[PDB]
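Q:
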Amino acid sequence: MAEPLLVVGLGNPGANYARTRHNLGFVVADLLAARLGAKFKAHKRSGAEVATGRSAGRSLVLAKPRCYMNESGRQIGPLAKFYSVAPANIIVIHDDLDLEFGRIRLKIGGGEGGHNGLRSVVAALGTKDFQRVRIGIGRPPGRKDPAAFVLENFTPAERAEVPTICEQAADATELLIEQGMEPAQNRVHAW
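Residues 1 to 191 (the authors' numbering) are what the sequence shown spells out, left to right.
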């Protein structure tokens, strides 16, 4: 009974489109990073960003390429098969529309909500029941334009929401390591 955990933050490089929270993975990774203070880097046979983290009585490998999306799917593909890690150890973070623009969505099997990247990860990783941590950024009002509405740019609204949820999820995470998620979920996953 012993095994580390791997984390992968899927977001959007550069910017422009990243403003649409298309950089949740990197936004959350950076946040949790700026908090942890860990000194990440960029390399690996793949050539992406990553950093090790010790806590929760276990190590944590947080990685994240550039393009992320497809870059991640593939990046992990080999990187995943390279490290030979388990699916219950790998956790891919992303953004998704669930309710309002300031919620999170952490699950295991549940994932892949239409995306070349995500699909590239499944095909790259071949699917092993890996874990995923999607964020709840607004919800689909209809069929008018969900993706369009998901790729808005609440830079501001999101700016406050980014730290709002991140803060909430950050607490849930910390508490999770403190004891369990039960409280974090009832505390954080309660709002």
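For each residue, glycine too, the CB sits at the ideal point set by N, CA and C.
#1: Would you call the stretch 113 to 130 and the stretch 47 to 54 touching, i.e. three or more CB-CB distances under 8 Å?
#2: Taking 8 Å as the cut-off, does the stretch 28 to 39 touch the stretch 142 to 154 (at least 3 CB pairs, one atom from each stretch)?
#3: Measure the alpha-carbon distance for residue 120 versus residue 82 and round it to whole angstroms.
#4: The beta strand (DSSP E) spanning residue 101 covers which residue range?
#5: Just how far apart, CA to CA, sit residue 4 and residue 144?
#6: DSSP three-state call for residue 81: helix, strand or coil?
#7: So what does residue 164 bridge to, in DSSP terms?
#8: Is it buried or exposed for residue 182, if we count other Cβ within 10 angstroms and need 16 for buried?
#9: Here's the rule: buried if 16 or more other CB atoms are within 10 angstroms of the residue's CB, otherwise exposed. What is residue 1?
#10: Classify residue 141: buried if its beta carbon has 16 or more other beta carbons within 10 angstroms, exposed otherwise.
#11: With DSSP as the reference, please indicate the residues paired to residue 92 in a beta bridge.
#12: Check whether the Cβ atoms of residue 80 and residue 91 sit closer than 8 Å, and answer yes or no.
#13: For residue 136 and residue 102, I'd like the C-alpha separation in whole angstroms.
#14: Per the contact definition of three or more C-beta pairs closer than 8 Å, is the stretch 5 to 24 in contact with the stretch 64 to 72?
#15: For the beta strand (DSSP E) containing residue 119, list its first residue and its last residue.
#16: Would DSSP call residue 15 helix, strand or coil?
#17: Please list the terminal residues of the continuous beta strand (DSSP E) segment that includes residue 25.
#18: Just verifying my parser: in three-state terms, what is the DSSP assignment at residue 150?
A: Concretely, from the data shown:
#1: no
#2: no
#3: 16 Å
#4: 101 to 107
#5: 43 Å
#6: helix
#7: For residue 164, which the question treats as bridged, DSSP gives no partner whatsoever.
#8: exposed
#9: exposed
#10: exposed
#11: 8 and 132
#12: no
#13: 6 Å
#14: yes
#15: Counting along the chain, residue 119 falls outside any beta strand (DSSP E), though it belongs to the alpha helix (DSSP H) covering 116 to 125.
#16: coil
#17: Counting along the chain, residue 25 falls outside any beta strand (DSSP E), though it belongs to the alpha helix (DSSP H) covering 24 to 36.
#18: helix
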